[PDB]
Amino acid sequence: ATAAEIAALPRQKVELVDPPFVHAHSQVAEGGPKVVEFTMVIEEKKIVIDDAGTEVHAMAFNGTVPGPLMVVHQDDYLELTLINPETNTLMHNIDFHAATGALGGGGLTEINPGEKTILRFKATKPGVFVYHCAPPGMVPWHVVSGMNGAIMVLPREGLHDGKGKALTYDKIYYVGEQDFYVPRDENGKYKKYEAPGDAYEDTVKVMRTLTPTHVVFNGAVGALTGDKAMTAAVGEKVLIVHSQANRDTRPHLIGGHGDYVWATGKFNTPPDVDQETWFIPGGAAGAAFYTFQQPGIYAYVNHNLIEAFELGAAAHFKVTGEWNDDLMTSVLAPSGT
Amino acid sequence: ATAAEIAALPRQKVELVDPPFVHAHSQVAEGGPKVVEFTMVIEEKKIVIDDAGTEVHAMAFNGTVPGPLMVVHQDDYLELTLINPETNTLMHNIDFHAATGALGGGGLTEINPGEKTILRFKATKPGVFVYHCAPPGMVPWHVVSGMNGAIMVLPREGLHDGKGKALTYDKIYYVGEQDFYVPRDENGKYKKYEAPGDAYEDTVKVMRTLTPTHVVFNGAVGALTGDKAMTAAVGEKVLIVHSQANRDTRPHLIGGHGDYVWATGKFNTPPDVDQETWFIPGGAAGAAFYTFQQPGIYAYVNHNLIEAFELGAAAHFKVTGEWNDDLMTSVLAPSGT
Amino acid sequence: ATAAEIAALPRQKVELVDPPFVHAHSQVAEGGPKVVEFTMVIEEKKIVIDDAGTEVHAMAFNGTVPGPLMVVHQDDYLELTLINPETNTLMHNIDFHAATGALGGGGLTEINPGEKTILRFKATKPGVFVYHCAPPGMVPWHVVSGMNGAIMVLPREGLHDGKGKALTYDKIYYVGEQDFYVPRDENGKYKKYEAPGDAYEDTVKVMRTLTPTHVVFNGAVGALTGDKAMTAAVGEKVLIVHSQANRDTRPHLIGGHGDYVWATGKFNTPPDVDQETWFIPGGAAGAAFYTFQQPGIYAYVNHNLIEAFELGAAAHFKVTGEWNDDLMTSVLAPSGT
Ligand SMILES: [Cu+2]
Ligand SMILES: [Cu+2]
Ligand SMILES: [Cu+2]
Ligand SMILES: [Cu+2]
Ligand SMILES: [Cu+2]
Ligand SMILES: [Cu+2]
């Protein structure tokens, strides 16, 4: 499109929504290409990540770990205002894996405390994609401090299966998975630090072991379990976007499947089908579409079950509706022999 | 199908055999849906997993690690009678990744020692699938004590390539790969215990390192080597099902290929072809079809070669037949320069 | 077919070049099947892998880590003369994942110092494939000492996308990724040894932790940076072949994508498209095709960002040409809030 064309496109501001929920959007694009505008303030803040009071100095886009899902359509532009307040201690930036050029945007968005920047890019490829902070020389420390999220660039005609038939979800959830590396003293007690930088050398030591101390969804052990379970009903179609900016994961819905899974995250790559456990490499997002058929509790886990049930990578779904005895039935309930 | 329709279907009782062998079955289904009946008794027992006498308190479906492969066809019902004898010490259950509802069956099959249960589920999706025990609060401990196996839900038509041409094996094997986490004392010797619960806390400590002490096929170092090799002949078509319920693996046939690999394990996802090394994420099963072209010894490994050749994840195939010098030949045998 | 027929085929003697470059070849085969001849001399040699001066006794095909890329076309024959000079200490051999029979060639090419051998195999499957040394009882030690490389078996008609459209690259690089396991003294400084075998025991104890101390491209931290950065231009089509003979990797071009990615490395498996981060399991090679659209610096990394930026797995590209503000622009450069 020529210059004048780009400048005349509609601009639209969107209010973000914290994970695992997602801001207002339409599956099939509304109108032609537009510039979708978002604002995020970076917050450096201590968070508690487990039920032992373990602390991390999180580096949080929009104040959450993960950062929020932004949704646009292919060939829209994403225009982000990124703000680094003067109460923060570090420079930050942003790298969108959906974008082309300048290290994903990281070369154009280095903001010290007290600065802001506005980056625009054309979302030329459809898929879910990671975004993360990447300051030169300190890239993994920011990412493993929680400074990452995802976007979704929907096809203009919405999602389709591998034969081109529409796939239209009723609900979407975004599960960001975070590996944390929390230092411990010689008694095995997690350490606490006054300011983010005080932890840098001890944290890189743990990072070099390649073994996280915690692997969590939505920023903390248990953040999406119990009273915080996600919800659905029998018959509803749910899209589950999952990202992991630094380390591999292998999602699984305990009691369900991924009926269609873009395991690479990219919508022009046909989805796998009927999956039990899919694989999302570190540095990527994936998305799974499932129609719920049975009510009750499900878990949603990274299926290294030690990561899920010892280190924190487990969520719940609570599903309403009527039980299907064709699909499963207890012929003889547990009883004495 | 209605409850009465299911009650009228034919029943077939299968006798399971121990991995890496597979029970008798037909690739193409005979006739219409059936209720395929299986029984497994759970055995808690010490197993020795290496040549140094290292022990695991195994929790073994049908007394083996992995548990046996169960074979059905799409839209059959799998009816399992699961028995937990009074000689065991723990509650157990079963979660079938092929099933829909109640945590794969785990919510309906919780059996204390001295109980049994009967679960039926409809095998609605074709593929190879993990099953495993998953008692609330104790899930990865049971799995990494060997309490896992797989099933195969064949298409009613049998297997096909990505162009719907039939693929018919002459032979099938089931390789269950197991990560074990064995505690060591201050001198580096593996510890022994006299009841499963006595090893729990020390085991969990090793599990949280994410670093197995052993990675084995069929429950031990060397289980599928030497005179317990898998066997085949030149011209024979072989399907190798491989599962890993907790940790990723990357199978490779040394000297061969995966001609067709359903690396996700799901038969409605078209297979990869001409594979050197495929990838099966923790929590899944995959399957590889190969036609042997050369005789001699092959190795079948997890191609993290430290996991294969230091930790235990290596099997052999012995193949009969005539050498093909067109495919390969020693032009000059090793000799002085 | 027969010996008369194979004697009649043309021979082509190729001179290998050092990675990341690739010897001259034709993407579409010039004429009928040929016997493509290569020679490699194995060198046991001390190499320095980081700016601290850390050393590995490398075991290097052609003197480099990785070994060089050999390029043939499907149904050519690859005929390798492999020489183990008398100045080396160990027996070595070669196992081509591209080849069929005798453990990939391993069984036929065991040469002591002062010996040579010539192996010929038919390259029946198109793709990129790992090769590596594999002496029985010492397999992972040789591979993780750098004794591995890759070959490319091009379709005779050159590369195509999943739908039959030709994909012709303008240039090709070969990135070999190497996990090294270097012992450390009680100060945590890397140890040095006199001969390869002096480090064996201490190296095996690091290998069994499954945690490399360094993960590098082209044999050292920073090897593909600075005057050794890869290069391209806006509009240029680049194929990046990447291998890892022992351990998984997840390549990512920072600021770009993989437009077409044969993540399994096999050209009869249609490529994934629009990739952010692809996944190549240990024991495999993959290849990604990308048309550069923006000038400037890029990094090409294993996107476990601790592996990339702490352990060494980061290369650079320098790209010339004109910035595209439609793809990306800084609407407001970093500036005061
Ligand atoms: Cu940051
Ligand atoms: Cu990134
Ligand atoms: Cu159990
Ligand atoms: Cu499971
Ligand atoms: Cu060697
Ligand atoms: Cu190999």
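Per-structure values
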quantity: Which numbered condition C:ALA150 fails, given (1) surrounded by 23 or more Cβ atoms within 10 Å (Cβ to Cβ); (2) within 15 Å of ligand 5 (Cβ to nearest atom); (3) not polar (S, T, N, Q); calculated: (2)
quantity: Residue check, C:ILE94 away from ligand 3 (no atom under 16 Å from the Cβ) and in contact with a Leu (Cβ under 6 Å, 6 or more places away or on another chain); calculated: yes
quantity: Residues within segment B:273-306 that are on the phi > 0 side of the Ramachandran plot and surrounded by 24 or more Cβ atoms within 10 Å (Cβ to Cβ), tallied; calculated: 1
quantity: Unmet criterion (only one of (1) outside the structural domain of A:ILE240 (by CATH); (2) more than 30 Å from A:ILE6 (Cβ to Cβ)) for A:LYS163; calculated: (1)
quantity: For A:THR54: the one exception among (1) within 26 Å of A:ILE172 (Cα to Cα); (2) of a type in the set (S, T, N, Q); (3) buried (at least 18 other Cβ atoms within 10 Å of the Cβ); calculated: (1)
quantity: Breaking point among (1) within 16 Å of ligand 1 (Cβ to nearest atom); (2) of a type in the set (S, T, N, Q); (3) under 16 Å from A:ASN268 (Cβ atoms), for A:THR124; calculated: (1)
quantity: Selection status of C:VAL130, outside the structural domain of C:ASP75 (by CATH), closer than 23 Å to C:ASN62 by Cα, in a strand (DSSP E or B) and away from ligand 1 (no atom under 16 Å from the Cβ); calculated: no
quantity: Subset of segment A:274-306 that is within 16 Å of ligand 2 (Cβ to nearest atom) and in a strand (DSSP E or B) - its residue that is nearest to the other protein chains (Cβ to nearest Cβ); calculated: A:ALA284
quantity: Search result, residues across segment A:322-337 that are of a type in the set (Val, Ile, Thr), farther than 15 Å from B:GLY104 by Cβ and either in a strand (DSSP E or B) or more than 7 Å from every other protein chain (Cβ to nearest Cβ) (or both); calculated: A:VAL331
quantity: Hits in segment A:226-248 (condition: surrounded by fewer than 16 Cβ atoms within 10 Å (Cβ to Cβ) and hydrophobic (A, V, I, L, M, F, W, C)); calculated: A:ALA233
quantity: Residue satisfying all of: in segment B:83-97; in a loop (DSSP other than H, G, I, E, B) and surrounded by fewer than 24 Cβ atoms within 10 Å (Cβ to Cβ); farthest from ligand 6 (Cβ to nearest atom) among these; calculated: B:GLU86
quantity: Residue match in segment A:260-267 (condition: farther than 20 Å from A:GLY164 by Cβ and of a type in the set (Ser, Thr, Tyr)); calculated: no
quantity: Residue that is on the phi > 0 side of the Ramachandran plot and either in contact with a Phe, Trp or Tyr (Cβ under 9 Å, 6 or more places away or on another chain) or among the aromatic types (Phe, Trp, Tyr) (or both), where the choices are B:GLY146, B:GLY114, B:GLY188, B:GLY176; calculated: B:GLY146
quantity: Set C:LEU119, C:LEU80: member being more than 7 Å from every other protein chain (Cβ to nearest Cβ), under 19 Å from C:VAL35 (Cα atoms) and either polar (S, T, N, Q) or part of a strand (DSSP E or B) (or both); calculated: C:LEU80
quantity: Any hit, segment C:98-114, residues being out of contact with any helix residue (DSSP H, G or I) (no Cβ under 7 Å at 6 or more places or on another chain), charged (D, E, K, R) and either within 16 Å of ligand 6 (Cβ to nearest atom) or more than 23 Å from B:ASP326 (Cβ to Cβ) (or both); calculated: yes
quantity: Selected residue (criterion: farthest from C:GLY222 (Cα to Cα)) from residues of segment C:83-100 that are within 10 Å of chain B (Cβ to nearest Cβ) and of a type in the set (A, V, I, L, M); calculated: C:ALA99
quantity: Some residue of segment B:245-262 being within 14 Å of chain A (Cβ to nearest Cβ), under 22 Å from A:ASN302 (Cβ atoms) and without any contact (Cβ under 8 Å) to a residue 60 or more places away in the chain; calculated: yes
quantity: Qualifying residue in segment C:101-112 (condition: farther than 21 Å from C:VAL215 by Cα and more than 8 Å from chain B (Cβ to nearest Cβ)); calculated: no
quantity: Selected residue (criterion: nearest to the other protein chains (Cβ to nearest Cβ)) from residues of segment B:263-272 that are away from ligand 4 (no atom under 16 Å from the Cβ) and surrounded by 24 or more Cβ atoms within 10 Å (Cβ to Cβ); calculated: B:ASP272
quantity: Matching residues, segment B:140-157, being at the interface with chain A (Cβ under 7 Å from one of its Cβ atoms) and within 10 Å of ligand 3 (Cβ to nearest atom); calculated: B:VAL143
quantity: Enumeration of residues in segment C:34-49 that are over 19 Å from the mean Cα position of the chain (by Cα) and not in a strand (DSSP E or B); calculated: C:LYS34
quantity: Matching residues in segment B:50-91 - criterion: being farther than 27 Å from B:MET152 by Cβ, more than 13 Å from ligand 3 (Cβ to nearest atom) and among the hydrophobic types (A, V, I, L, M, F, W, C); calculated: B:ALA52
quantity: Selected residue [buried (at least 17 other Cβ atoms within 10 Å of the Cβ) and over 19 Å from the mean Cα position of the chain (by Cα)] from C:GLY107, C:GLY162; calculated: C:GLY107
quantity: Among residues of segment C:129-139, those that are surrounded by 24 or more Cβ atoms within 10 Å (Cβ to Cβ) and within 9 Å of chain B (Cβ to nearest Cβ), counted; calculated: 5
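Here Cβ is always computed from backbone atoms with ideal geometry, including for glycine, and neighbour counts include all displayed protein chains. All of this is worked out from the model, or read from it or from the source named; no laboratory read-out is quoted.
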